[PDB]
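> As they sit in the full assembly, here are the leading chains:
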Amino acid sequence: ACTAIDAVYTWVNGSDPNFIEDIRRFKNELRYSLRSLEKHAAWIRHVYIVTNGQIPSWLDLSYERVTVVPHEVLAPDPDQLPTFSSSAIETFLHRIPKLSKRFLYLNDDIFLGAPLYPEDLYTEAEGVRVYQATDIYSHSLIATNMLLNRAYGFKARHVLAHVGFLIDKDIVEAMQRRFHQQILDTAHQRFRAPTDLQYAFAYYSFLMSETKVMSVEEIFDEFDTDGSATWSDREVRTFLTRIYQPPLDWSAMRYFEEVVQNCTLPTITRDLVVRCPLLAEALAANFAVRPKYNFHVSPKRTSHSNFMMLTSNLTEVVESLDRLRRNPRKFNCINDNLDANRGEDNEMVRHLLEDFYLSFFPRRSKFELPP
């Protein structure tokens, strides 16, 4: 337990009258997913749930590891807060007061076997493991991809893979200060509309393409190994080897001494290499395009993250739930995509899924009050 994590959760409930009244104005998942944290990741040290005031019935409060914070305290400009979309709620997840610097996102339907360690998400050498992989979701995909395609170059950017995302508070604040038009746009919306900015992809493509700029006075402060303001011949040879690569030659030596002698080896200082052109330009052309935040593409080896959608064909349900059992990987994500016309098959489906979730996680975790 080197660093705190403090994962978050959402849990919208669409069964009580006070939610469907506000909808009219305009599957017990988390119980078995917060239960997975007690088994396979016992280091997260706090759990938040962001709701609209409504608590779950089975939360044992005063556990000092689980709290609920509503949208009344989070959202700026308290005029948008009657909100019923995920992506609007995602835009104020970093305004939780005693939040640690980094945190797991994992939303509601993320249960996890195959125990989780903090080095699976954030190391210190590397440190953000970016897990690469139609009606309403595709349009927001195209809009976010085009918005990140206006700036930041072009390249190919891959979508993510349904893991619990690890999110830094400072990087997302610099994200929201970069796209202040679209953050307020998606914030001031009621439902899921096709001009949205999805938070995870616009985070993990923002972080992958922030390029820092280092000034010439900072390449003098580093890149000599010395005490103060000395640039001697050892540092000169270190400087010349990082430019003219294949061998190093006498031509580069007399080129460098010709450049220093034209400044009208006599004690190369900081003020000379800041002042003199055609060397500071030739120095900053090599070392100024360093990336801003530490990132790490995953080598697709350990957490292959079984997605495995839950359609209403009971055959495909039973090979899907058995194929979640043949491979007990790190993250698993069962989203519904359920029919509403078949009220007879989608009762046996919800009873069949209960056989799956009790097959792995049958103990009453300490988050749940005794019935």
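Perfect, I can see it now. Residues are numbered from 1 along each chain as shown, chains lettered A, B, ... in the order given.

> Could you list the domains of chain A?
A:7-128+A:164-169+A:293-360, A:216-284 (automatic domain parsing).

> hey, which of the ones you listed is tucked in deepest?
Most buried of the domains of chain A by mean neighbour count (mean count of other Cβ atoms under 10 Å) is domain A:7-128+A:164-169+A:293-360; its value is a mean of 16. Bear in mind the C-beta positions are built from the backbone N, C-alpha and C, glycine included.

> unless I'm mixing things up, residue A:324 is touching residue A:357, no?
No. Between residue A:324 and residue A:357 there is no contact under Cβ atoms under 8 Å: 10.4 Å.

> hmm, back to that, and the domains of chain A: which comes nearest residue A:202?
Closest to residue A:202 of these is domain A:7-128+A:164-169+A:293-360 (Cβ to Cβ; 9.8 Å).

> How far off centre is that closest one?
Relative to its chain's centre, domain A:7-128+A:164-169+A:293-360 lies at 14 Å (Cα atoms, centre = their mean, to the nearest Å).

> Ok, stretch A:287-295 next?
With Cα atoms, centre = their mean, you get 18 Å for stretch A:287-295.

> can you give me the helices in the stretch 201-350 of chain A?
For the stretch 201-350 of chain A, the helices defined by DSSP state H, counting those that start in this stretch occupy A:216-221, A:233-241, A:250-262, A:270-275, A:280-284, A:314-326, A:345-360.

> Serialize those to JSON lines and add fields for distance to residue A:333.
Converted to JSON lines, the helices of the stretch 201-350 of chain A look like this (distance: least, Cβ to Cβ, whole Å):
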{"stretch": "helix A:216-221", "distance to residue A:333": "43"}
{"stretch": "helix A:233-241", "distance to residue A:333": "49"}
{"stretch": "helix A:250-262", "distance to residue A:333": "56"}
{"stretch": "helix A:270-275", "distance to residue A:333": "53"}
{"stretch": "helix A:280-284", "distance to residue A:333": "45"}
{"stretch": "helix A:314-326", "distance to residue A:333": "10"}
{"stretch": "helix A:345-360", "distance to residue A:333": "13"}
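
> give me every residue that touches residue A:322.
Residue A:322 sits next to no residue when contact means Cβ atoms under 8 Å, 6 or more residues apart in numbering.

> would residue A:79 count as being in a strand?
No. Per DSSP: H, G, I helix; E, B strand; the rest coil, residue A:79 lies outside any strand segment and is coil.

> Tell me how many other residues crowd the closest residue to residue A:292 other than its chain neighbours.
Nearest non-adjacent residue to residue A:292, counting by Cβ to Cβ, 6 or more residues apart in numbering: residue A:210, 3.7 Å away. Neighbour count for residue A:210, taken as other Cβ atoms under 10 Å: 15.

> one more, chain B:
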Amino acid sequence: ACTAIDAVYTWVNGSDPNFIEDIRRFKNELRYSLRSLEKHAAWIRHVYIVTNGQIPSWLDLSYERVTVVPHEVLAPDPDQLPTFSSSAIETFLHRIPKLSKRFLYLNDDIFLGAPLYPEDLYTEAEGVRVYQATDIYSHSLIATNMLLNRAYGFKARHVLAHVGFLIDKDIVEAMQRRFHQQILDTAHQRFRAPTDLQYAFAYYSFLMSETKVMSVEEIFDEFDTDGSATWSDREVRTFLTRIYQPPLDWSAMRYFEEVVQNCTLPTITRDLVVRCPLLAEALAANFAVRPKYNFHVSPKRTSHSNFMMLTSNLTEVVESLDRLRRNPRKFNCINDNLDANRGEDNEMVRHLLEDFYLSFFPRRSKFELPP
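Just below you will find chain B, in place on the chains above:
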């Protein structure tokens, strides 16, 4: 700083009369390599040096981070201790009293740029990064490879790559209790003889091939997710999916119930699956060959570990020392292989190398007393 490391060093000195007297009876490297620890790895929290009683002249003692321990206190059977080989000294490196569980080996000529983090060596999910890559050294290579080829299978085993090796005390004690013939053989030797067992390769091939055995009572204690001694139909289906893979079929269901019914689904317990043959054999044939220690082959991306031998051709010296400067990688290892006939070129070589080692590490570190 999650865990302690406490690296070790050797530093044999072949210049004083009291060493050459004992040799007759039968390059300032570490100063610039212990100096690299103050710059690029400030978490190792103790440094040991194992000698034969002789201290360096420039060690500032009472630093409470650097100590010297001689061979008198380490070696069992105090009859072997007049020793003048590396590999004999390597066989009692884990008898240092206040040693942590894991430790860096790095011997004497290992200086390191490009800062080192504990996740570069030992994580918790993985945790031993095994860095794969003629007169006297080749024979010990063939002997150690054949000794590890007698047991442990056959396969291909690769040599290591001159990094600071991370070594566990318990794994090396189980190594020395496996090869008690060769440990005492190489311990009771005076010099480097061609029947040696090299410590790093016989460690990192021992650790890669210890296979554990799990009893059938332990595959009942795990592999049900339950409280105590219950093996119900959810666990049965989890059990059957991990054997008959492609789909799961009704034939496997009636096969399993036929196996349980022939034990002369009626409450499958622990005593039944321990007692009944042709199921416990069929259960342990799948889950008993799990490896003993966590290991991790390195993907050869970050620490490519410039070796770059130091022969006496001054041209090859200057492209070697410049090519150490073009690539500032994680570990670097300059071993001598120096001629002794040319006393005139091998003075300019040692002065030229001093230009290299002061080009990166010029500050007097806190390990060194002021001259």
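
> ok chain B is in now, so what about the contacts of residue A:322?
By Cβ atoms under 8 Å, 6 or more residues apart in numbering or on different chains, the contact set of residue A:322 is B:237, B:241, B:247-248.

> Among the residues you listed, which pair sits farthest apart?
Checking the contacts of residue A:322 with Cβ to Cβ, the most distant pair is B:237 and B:247, at 12.7 Å.

> ok, those two, which is more surrounded?
With neighbours defined as other Cβ atoms under 10 Å in any protein chain shown, residue B:237 and residue B:247 compare such that residue B:237 has more, 20 against 11.

> that older thread, could you pick out which of the contacts of residue A:322 are near chain A?
With the criterion set as Cβ under 8 Å from any Cβ of the partner chain, the members of those near chain A are B:237, B:241, B:247-248.

> Identify, from these, the entry nearest to residue A:24.
For those, the nearest to residue A:24 is residue B:237 (42.5 Å; Cβ to Cβ).

> That closest one contacts residue A:358, correct?
No. Using Cβ under 8 Å, residue B:237 is not in contact with residue A:358, being 11.9 Å away.

> Pull up the residues of chain A that are close to chain B.
A:1-2, A:117-120, A:123-125, A:225-227, A:234-235, A:237-238, A:241-242, A:245, A:247-248, A:299, A:302, A:319, A:322, A:325-326, A:355, A:358-363.

> and the closest residue to residue A:9 other than its chain neighbours, which of the three is it?
Leaving aside its chain neighbours, residue A:9 sits nearest to residue A:49 (4.5 Å; criterion: Cβ to Cβ, 6 or more residues apart in numbering or on different chains). Assigned with three-state DSSP, residue A:49 falls in the strand class.

> Assign a three-state SS to residue A:96, would you?
Residue A:96 - assigned by three-state DSSP - is coil.

> State the distance from residue A:63 to chain B.
22 Å (Cβ to the nearest Cβ, to the nearest Å).

> I'd like to check which residues are in contact with that residue.
Here residue A:63 is in contact with A:366-367 (Cβ under 8 Å, 6+ apart).

> same question, the one 5 residues further on
The contact partners of residue A:68, taken as Cβ under 8 Å, 6+ apart, are A:48-51, A:55, A:59.

> Ok, residue A:293 next?
Residue A:293 makes contact with A:128, A:168, A:171, A:207, A:210, according to Cβ under 8 Å, 6+ apart.

> Including distance to residue A:348, could those go into JSON lines?
Below are these laid out as JSON lines (distance: Cβ to Cβ, whole Å):
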{"residue": "A:128", "distance to residue A:348": "42"}
{"residue": "A:168", "distance to residue A:348": "43"}
{"residue": "A:171", "distance to residue A:348": "45"}
{"residue": "A:207", "distance to residue A:348": "43"}
{"residue": "A:210", "distance to residue A:348": "50"}
